[PDB]
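Quick look at final_12.txt (compact mmCIF, C-alpha atoms):
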```
# COMPACT_ATOMS: atom_id res chain seq x y z
CA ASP A 270 -186.03 -43.23 135.20
CA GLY A 271 -182.63 -44.87 135.43
CA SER A 272 -180.69 -46.19 132.46
CA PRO A 273 -177.14 -45.34 131.37
CA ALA A 274 -175.83 -45.30 127.82
CA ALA A 275 -172.63 -45.48 125.80
CA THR A 276 -171.26 -45.08 122.30
CA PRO A 277 -168.71 -47.52 120.87
CA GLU A 278 -166.22 -46.71 118.13
CA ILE A 279 -163.78 -48.27 115.70
CA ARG A 280 -161.08 -47.46 113.18
CA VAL A 281 -158.88 -48.97 110.49
CA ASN A 282 -155.54 -48.13 108.92
CA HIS A 283 -153.16 -49.63 106.40
CA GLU A 284 -150.35 -48.83 103.99
CA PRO A 285 -149.38 -50.55 100.73
CA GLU A 286 -145.84 -51.12 99.52
CA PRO A 287 -144.70 -50.71 95.91
CA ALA A 288 -141.78 -52.47 94.26
CA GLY A 289 -139.65 -52.57 91.13
CA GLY A 290 -137.29 -54.62 88.99
CA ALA A 291 -134.89 -54.58 86.07
CA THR A 292 -135.06 -55.75 82.48
CA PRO A 293 -131.63 -56.58 81.05
CA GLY A 294 -131.05 -57.22 77.37
CA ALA A 295 -128.25 -58.62 75.24
CA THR A 296 -125.76 -57.64 72.57
CA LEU A 297 -124.24 -59.19 69.47
CA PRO A 298 -121.13 -57.28 68.38
CA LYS A 299 -119.21 -58.37 65.30
CA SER A 300 -115.61 -58.04 64.19
CA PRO A 301 -114.81 -56.18 60.97
CA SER A 302 -112.18 -57.43 58.55
CA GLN A 303 -109.02 -55.54 59.43
CA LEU A 304 -106.07 -55.42 57.06
CA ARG A 305 -108.12 -56.88 54.22
CA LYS A 306 -106.36 -57.94 51.04
CA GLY A 307 -107.24 -59.16 47.57
CA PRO A 308 -105.83 -61.01 44.55
CA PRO A 309 -103.30 -59.36 42.23
CA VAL A 310 -104.21 -58.10 38.78
CA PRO A 311 -102.03 -59.66 36.06
CA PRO A 312 -101.41 -57.30 33.13
CA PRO A 313 -101.69 -58.27 29.46
CA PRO A 314 -98.80 -59.65 27.40
CA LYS A 315 -99.01 -57.20 24.52
CA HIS A 316 -101.04 -54.05 24.00
CA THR A 317 -99.63 -51.75 21.35
CA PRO A 318 -96.00 -51.15 20.39
CA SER A 319 -94.63 -47.80 19.27
CA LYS A 320 -91.48 -45.96 18.26
CA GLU A 321 -90.07 -42.62 17.16
CA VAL A 322 -87.89 -41.82 14.18
CA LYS A 323 -86.91 -38.28 13.25
CA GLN A 324 -84.72 -37.09 10.40
CA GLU A 325 -83.67 -33.98 8.51
CA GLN A 326 -81.91 -32.71 5.41
CA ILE A 327 -80.54 -29.53 3.87
CA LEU A 328 -80.43 -28.35 0.27
CA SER A 329 -79.22 -25.41 -1.79
CA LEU A 330 -80.26 -23.37 -4.80
CA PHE A 331 -78.86 -21.31 -7.65
CA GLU A 332 -79.56 -19.55 -10.93
CA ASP A 333 -78.13 -17.45 -13.73
CA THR A 334 -78.86 -15.92 -17.12
CA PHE A 335 -77.09 -14.20 -19.98
CA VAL A 336 -76.48 -14.08 -23.72
CA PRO A 337 -79.40 -12.25 -25.33
CA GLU A 338 -81.30 -13.41 -28.39
CA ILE A 339 -81.24 -10.93 -31.25
CA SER A 340 -81.63 -11.33 -34.99
CA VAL A 341 -82.75 -9.07 -37.82
CA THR A 342 -83.57 -9.72 -41.45
CA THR A 343 -83.89 -7.53 -44.52
CA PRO A 344 -85.06 -9.22 -47.72
CA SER A 345 -84.84 -7.65 -51.16
CA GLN A 346 -85.26 -8.44 -54.84
CA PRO A 347 -85.40 -6.15 -57.88
CA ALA A 348 -87.11 -6.83 -61.19
CA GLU A 349 -87.19 -5.90 -64.86
CA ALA A 350 -88.56 -6.76 -68.28
CA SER A 351 -88.66 -5.74 -71.92
CA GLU A 352 -90.04 -6.56 -75.35
CA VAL A 353 -89.43 -6.13 -79.06
CA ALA A 354 -92.21 -7.53 -81.21
CA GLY A 355 -92.31 -7.19 -84.98
CA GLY A 356 -95.72 -5.99 -86.09
CA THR A 357 -98.22 -8.47 -87.49
CA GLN A 358 -99.28 -9.58 -84.03
CA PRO A 359 -102.41 -8.28 -82.29
CA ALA A 360 -102.73 -8.35 -78.52
CA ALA A 361 -105.68 -9.23 -76.32
CA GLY A 362 -104.71 -11.15 -73.21
CA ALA A 363 -103.81 -9.21 -70.09
CA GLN A 364 -102.40 -9.64 -66.60
CA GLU A 365 -104.43 -10.74 -63.60
CA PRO A 366 -104.74 -9.12 -60.16
CA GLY A 367 -104.30 -10.79 -56.80
CA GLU A 368 -104.62 -8.81 -53.59
CA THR A 369 -104.61 -10.51 -50.21
CA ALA A 370 -105.85 -10.04 -46.67
CA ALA A 371 -104.92 -10.75 -43.07
CA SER A 372 -106.17 -10.69 -39.49
CA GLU A 373 -105.12 -10.76 -35.86
CA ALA A 374 -106.36 -11.21 -32.31
CA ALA A 375 -105.34 -11.31 -28.67
CA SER A 376 -106.60 -11.72 -25.12
CA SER A 377 -105.59 -12.27 -21.51
CA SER A 378 -106.57 -11.81 -17.88
CA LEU A 379 -105.30 -11.69 -14.32
CA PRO A 380 -107.52 -12.80 -11.42
CA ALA A 381 -106.78 -12.51 -7.73
CA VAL A 382 -107.53 -14.07 -4.36
CA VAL A 383 -107.29 -12.84 -0.79
CA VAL A 384 -106.67 -14.89 2.33
CA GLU A 385 -106.26 -13.85 5.95
CA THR A 386 -105.85 -15.54 9.31
CA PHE A 387 -106.27 -14.26 12.84
CA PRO A 388 -105.00 -16.17 15.89
CA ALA A 389 -106.44 -16.12 19.39
CA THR A 390 -105.32 -17.07 22.88
CA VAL A 391 -106.52 -16.96 26.47
CA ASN A 392 -105.16 -17.97 29.85
CA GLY A 393 -105.72 -17.25 33.52
CA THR A 394 -108.15 -19.57 35.27
CA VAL A 395 -106.48 -20.63 38.49
CA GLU A 396 -107.63 -18.41 41.32
CA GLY A 397 -108.02 -19.83 44.81
CA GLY A 398 -106.98 -23.25 46.04
CA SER A 399 -106.44 -22.31 49.67
CA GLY A 400 -104.02 -24.93 50.94
CA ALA A 401 -100.40 -25.82 51.56
CA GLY A 402 -98.15 -28.74 50.69
CA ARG A 403 -95.26 -30.30 52.56
CA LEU A 404 -91.78 -28.83 52.84
CA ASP A 405 -89.54 -31.88 52.77
CA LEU A 406 -89.79 -34.99 50.62
CA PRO A 407 -90.49 -38.47 51.98
CA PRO A 408 -87.42 -40.54 52.89
CA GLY A 409 -86.87 -43.82 51.09
CA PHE A 410 -89.13 -42.61 48.31
CA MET A 411 -88.37 -44.15 44.93
CA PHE A 412 -90.40 -42.51 42.19
CA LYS A 413 -93.82 -41.24 41.18
CA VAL A 414 -96.38 -43.48 39.51
CA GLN A 415 -99.67 -42.95 37.71
CA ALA A 416 -102.79 -45.06 38.06
CA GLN A 417 -104.51 -46.35 34.95
CA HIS A 418 -107.73 -47.50 36.57
CA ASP A 419 -110.08 -46.65 39.42
CA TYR A 420 -109.73 -49.15 42.23
CA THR A 421 -111.61 -48.36 45.42
CA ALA A 422 -109.54 -49.62 48.33
CA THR A 423 -111.20 -49.52 51.73
CA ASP A 424 -108.99 -50.97 54.44
CA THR A 425 -107.26 -50.00 57.67
CA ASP A 426 -104.32 -48.98 55.52
CA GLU A 427 -105.45 -49.17 51.92
CA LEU A 428 -104.64 -46.77 49.11
CA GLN A 429 -107.45 -45.54 46.89
CA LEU A 430 -106.54 -45.06 43.25
CA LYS A 431 -108.48 -43.37 40.47
CA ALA A 432 -107.97 -43.94 36.77
CA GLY A 433 -105.34 -41.27 36.28
CA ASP A 434 -104.06 -40.70 39.80
CA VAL A 435 -100.63 -39.83 41.14
CA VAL A 436 -98.88 -42.01 43.69
CA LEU A 437 -95.33 -41.99 45.02
CA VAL A 438 -93.53 -45.29 45.44
CA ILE A 439 -92.08 -45.39 48.94
CA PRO A 440 -90.37 -48.17 50.90
CA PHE A 441 -92.85 -49.72 53.30
CA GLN A 442 -92.03 -50.59 56.89
CA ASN A 443 -91.40 -54.18 55.88
CA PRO A 444 -91.58 -56.42 52.80
CA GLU A 445 -93.49 -59.00 54.81
CA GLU A 446 -96.26 -56.44 55.18
CA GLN A 447 -96.42 -56.08 51.42
CA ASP A 448 -98.81 -58.13 49.31
CA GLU A 449 -98.15 -59.98 46.07
CA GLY A 450 -98.52 -57.53 43.21
CA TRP A 451 -99.15 -54.65 45.58
CA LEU A 452 -96.68 -52.18 47.03
CA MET A 453 -96.66 -49.36 49.56
CA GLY A 454 -97.18 -45.99 47.93
CA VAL A 455 -98.56 -42.56 48.72
CA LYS A 456 -100.91 -40.34 46.75
CA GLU A 457 -99.82 -36.89 45.64
CA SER A 458 -102.35 -35.38 48.02
CA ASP A 459 -100.85 -37.42 50.83
CA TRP A 460 -97.51 -35.90 49.93
CA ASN A 461 -98.86 -32.61 51.22
CA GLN A 462 -99.49 -34.55 54.40
CA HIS A 463 -95.89 -35.72 54.40
CA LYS A 464 -96.02 -34.30 57.91
CA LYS A 465 -97.83 -37.49 58.80
CA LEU A 466 -97.21 -39.65 55.75
CA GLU A 467 -96.54 -42.52 58.13
CA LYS A 468 -100.23 -42.17 58.91
CA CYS A 469 -101.16 -41.80 55.26
CA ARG A 470 -99.30 -44.89 54.11
CA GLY A 471 -101.23 -47.37 52.01
CA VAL A 472 -100.98 -50.22 49.53
CA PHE A 473 -101.88 -50.44 45.86
CA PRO A 474 -101.57 -52.81 42.88
CA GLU A 475 -98.58 -51.87 40.75
CA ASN A 476 -100.01 -53.88 37.87
CA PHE A 477 -103.03 -51.61 38.07
CA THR A 478 -100.73 -48.60 37.98
CA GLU A 479 -97.94 -47.20 35.85
CA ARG A 480 -94.50 -45.86 36.70
CA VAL A 481 -93.83 -42.21 35.98
CA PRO A 482 -90.28 -41.32 34.94
```

Same coordinates, now as structure tokens:
Amino acid sequence: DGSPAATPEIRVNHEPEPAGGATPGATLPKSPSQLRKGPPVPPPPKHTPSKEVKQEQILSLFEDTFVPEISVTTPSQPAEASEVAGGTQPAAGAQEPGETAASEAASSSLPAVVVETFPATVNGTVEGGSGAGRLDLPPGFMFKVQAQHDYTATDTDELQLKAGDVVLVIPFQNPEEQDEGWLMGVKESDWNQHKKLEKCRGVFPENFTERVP
């Protein structure tokens, strides 16, 4: 008959908000031993003495022969006999024979023996390498030495040696930088790097090495 109407409404809205952060950590660096050194190696008093003595001598020879040995002989002796008798005397007895004999012999030989000997040689192994050494020698250098033991040296300027290695004795940058019983030398291989030997310099125990004349 008479009645209005209506229709209400509604709504809703929103928006979240994220975030973030950081997660720091920590470190614990250490310091390595630079320019490390060790105690010297004192050599023995006596090991084994030696020497060398050579000599010689000359001699002569000689010989000779002469004056032969000859000699002949010719024996001889006749004979004879006779009789007379005067009848009234019969015979019976008679002479007696004799006859002899003899013998001989001989022998000999002559062996032999052979003996030979054949030599033999061979050479020609090297074939490659592929490398190149220095051109000029290191200044101040003294002489070459030879290791007698294998001492692993791991430092910021150490010199590794192997039982039977070659090292050249060179004058370090200073004696104060040298250790007691150790000197500044360079390996033969380093020699090839003479171009930068100053960067190949190292130290090594002389007592643990031997000098090469």

* Report the distance between CA of residue 408 (chain A) and CA of residue 423 (chain A) in Å, rounded to one decimal place. =>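 These atoms are spaced 25.4 Å apart.
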
Using all atoms listed in the file, find each residue of region 343-449 of chain A with at least one atom at most 10 Å away from an atom of region 294-318 of chain A; report its shortest atom-to-atom pair and that distance in Å (one decimal), sort the rows by chain and rising residue number, and return the result as CSV.
```
residue,atom,partner,partner_atom,distance
A:422,CA,A:306,CA,9.3
A:423,CA,A:305,CA,8.4
A:424,CA,A:304,CA,5.9
A:425,CA,A:304,CA,5.6
A:426,CA,A:304,CA,6.8
A:427,CA,A:304,CA,8.1
A:448,CA,A:306,CA,7.7
A:449,CA,A:309,CA,6.5
```

* Asked: Between CA of residue 370 (chain A) and CA of residue 339 (chain A), what is the spacing in Å?
  -> 29.1 Å

* Two-atom distance - CA of residue 429 (chain A), CA of residue 455 (chain A) (Å) ->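 Taking CA of residue 429 (chain A) and CA of residue 455 (chain A), their separation equals 9.6 Å.
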
* **6 Å contact set for residue 417 (chain A), only C-alpha atoms, chain neighbours under 2 positions out, as a PyMOL selection string** => chain A and resi 432-433+478

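You can rank A:353, A:430, A:279, A:406 by their closest distance to residue 418 (chain A) using all atoms listed in the file, and at the top of that list sits A:430.
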
* To do: Show which residues sit within 12 Å of residue 462 (chain A), as a PyMOL selection string. Count all atoms listed in the file, and ignore same-chain residues fewer than 2 positions away.
  => chain A and resi 400-407+455-460+464-470

* To do: Please identify all polymer residues lying at most 6 Å from the point (-101.0, -53.0, 43.4) (file coordinates), using only C-alpha atoms, and present the result as a ChimeraX atom specification.
  => /A:450-452,473-477

* Asked: At a cut-off of 7 Å from (-93.4, -41.1, 44.1) in the coordinates of the file, what residues are picked up using all atoms listed in the file, written as an MDAnalysis selection string?
  -> chainID A and resid 410:414 436:439

Padded axis-aligned box of region 444-450 of chain A (8 Å per side), centre and edge lengths, Å, one decimal, as JSON:
```
{"center_x": -95.2, "center_y": -58.0, "center_z": 49.2, "size_x": 23.2, "size_y": 19.9, "size_z": 28.0}
```

Have region 348-363 of chain A completed to N, CA, C and O atoms, please, and pass it along as a PDB file, in the frame of the given file.
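In the end it all went to out-v3.pdb:
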```
ATOM      1  N   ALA A 348     -86.349  -6.246 -60.095  1.00  0.00           N
ATOM      2  CA  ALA A 348     -87.110  -6.830 -61.190  1.00  0.00           C
ATOM      3  C   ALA A 348     -86.830  -6.037 -62.471  1.00  0.00           C
ATOM      4  O   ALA A 348     -86.146  -5.015 -62.439  1.00  0.00           O
ATOM      5  N   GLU A 349     -87.374  -6.541 -63.568  1.00  0.00           N
ATOM      6  CA  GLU A 349     -87.190  -5.900 -64.860  1.00  0.00           C
ATOM      7  C   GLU A 349     -87.906  -6.692 -65.953  1.00  0.00           C
ATOM      8  O   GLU A 349     -88.422  -7.780 -65.701  1.00  0.00           O
ATOM      9  N   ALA A 350     -87.914  -6.117 -67.147  1.00  0.00           N
ATOM     10  CA  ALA A 350     -88.560  -6.760 -68.280  1.00  0.00           C
ATOM     11  C   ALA A 350     -88.333  -5.909 -69.535  1.00  0.00           C
ATOM     12  O   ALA A 350     -87.755  -4.826 -69.461  1.00  0.00           O
ATOM     13  N   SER A 351     -88.804  -6.433 -70.658  1.00  0.00           N
ATOM     14  CA  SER A 351     -88.660  -5.740 -71.920  1.00  0.00           C
ATOM     15  C   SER A 351     -89.322  -6.546 -73.044  1.00  0.00           C
ATOM     16  O   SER A 351     -89.701  -7.699 -72.839  1.00  0.00           O
ATOM     17  N   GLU A 352     -89.437  -5.913 -74.201  1.00  0.00           N
ATOM     18  CA  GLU A 352     -90.040  -6.560 -75.350  1.00  0.00           C
ATOM     19  C   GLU A 352     -89.489  -5.966 -76.649  1.00  0.00           C
ATOM     20  O   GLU A 352     -88.743  -4.989 -76.619  1.00  0.00           O
ATOM     21  N   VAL A 353     -89.876  -6.582 -77.756  1.00  0.00           N
ATOM     22  CA  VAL A 353     -89.430  -6.130 -79.060  1.00  0.00           C
ATOM     23  C   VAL A 353     -90.604  -6.151 -80.038  1.00  0.00           C
ATOM     24  O   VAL A 353     -91.035  -5.107 -80.523  1.00  0.00           O
ATOM     25  N   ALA A 354     -91.090  -7.356 -80.298  1.00  0.00           N
ATOM     26  CA  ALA A 354     -92.210  -7.530 -81.210  1.00  0.00           C
ATOM     27  C   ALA A 354     -91.781  -7.121 -82.619  1.00  0.00           C
ATOM     28  O   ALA A 354     -90.751  -6.472 -82.795  1.00  0.00           O
ATOM     29  N   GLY A 355     -92.594  -7.514 -83.588  1.00  0.00           N
ATOM     30  CA  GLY A 355     -92.310  -7.190 -84.980  1.00  0.00           C
ATOM     31  C   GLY A 355     -93.605  -7.115 -85.793  1.00  0.00           C
ATOM     32  O   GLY A 355     -93.798  -7.885 -86.734  1.00  0.00           O
ATOM     33  N   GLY A 356     -94.456  -6.176 -85.406  1.00  0.00           N
ATOM     34  CA  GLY A 356     -95.720  -5.990 -86.090  1.00  0.00           C
ATOM     35  C   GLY A 356     -96.413  -7.326 -86.351  1.00  0.00           C
ATOM     36  O   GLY A 356     -95.989  -8.357 -85.832  1.00  0.00           O
ATOM     37  N   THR A 357     -97.465  -7.269 -87.155  1.00  0.00           N
ATOM     38  CA  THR A 357     -98.220  -8.470 -87.490  1.00  0.00           C
ATOM     39  C   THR A 357     -98.367  -9.364 -86.261  1.00  0.00           C
ATOM     40  O   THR A 357     -97.864 -10.486 -86.242  1.00  0.00           O
ATOM     41  N   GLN A 358     -99.060  -8.835 -85.262  1.00  0.00           N
ATOM     42  CA  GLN A 358     -99.280  -9.580 -84.030  1.00  0.00           C
ATOM     43  C   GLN A 358    -100.140  -8.755 -83.067  1.00  0.00           C
ATOM     44  O   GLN A 358     -99.617  -7.956 -82.292  1.00  0.00           O
ATOM     45  N   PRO A 359    -101.477  -8.986 -83.147  1.00  0.00           N
ATOM     46  CA  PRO A 359    -102.410  -8.280 -82.290  1.00  0.00           C
ATOM     47  C   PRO A 359    -102.369  -8.825 -80.862  1.00  0.00           C
ATOM     48  O   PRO A 359    -102.020  -9.985 -80.647  1.00  0.00           O
ATOM     49  N   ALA A 360    -102.728  -7.963 -79.921  1.00  0.00           N
ATOM     50  CA  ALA A 360    -102.730  -8.350 -78.520  1.00  0.00           C
ATOM     51  C   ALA A 360    -104.179  -8.390 -78.015  1.00  0.00           C
ATOM     52  O   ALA A 360    -105.070  -7.793 -78.617  1.00  0.00           O
ATOM     53  N   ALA A 361    -104.365  -9.103 -76.913  1.00  0.00           N
ATOM     54  CA  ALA A 361    -105.680  -9.230 -76.320  1.00  0.00           C
ATOM     55  C   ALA A 361    -105.541  -9.567 -74.834  1.00  0.00           C
ATOM     56  O   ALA A 361    -105.982  -8.804 -73.977  1.00  0.00           O
ATOM     57  N   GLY A 362    -104.921 -10.709 -74.575  1.00  0.00           N
ATOM     58  CA  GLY A 362    -104.710 -11.150 -73.210  1.00  0.00           C
ATOM     59  C   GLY A 362    -104.169 -10.018 -72.338  1.00  0.00           C
ATOM     60  O   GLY A 362    -103.669  -9.020 -72.855  1.00  0.00           O
ATOM     61  N   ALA A 363    -104.283 -10.208 -71.031  1.00  0.00           N
ATOM     62  CA  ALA A 363    -103.810  -9.210 -70.090  1.00  0.00           C
ATOM     63  C   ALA A 363    -103.417  -9.904 -68.778  1.00  0.00           C
ATOM     64  O   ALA A 363    -103.651 -11.099 -68.609  1.00  0.00           O
TER      65      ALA A 363
END
```
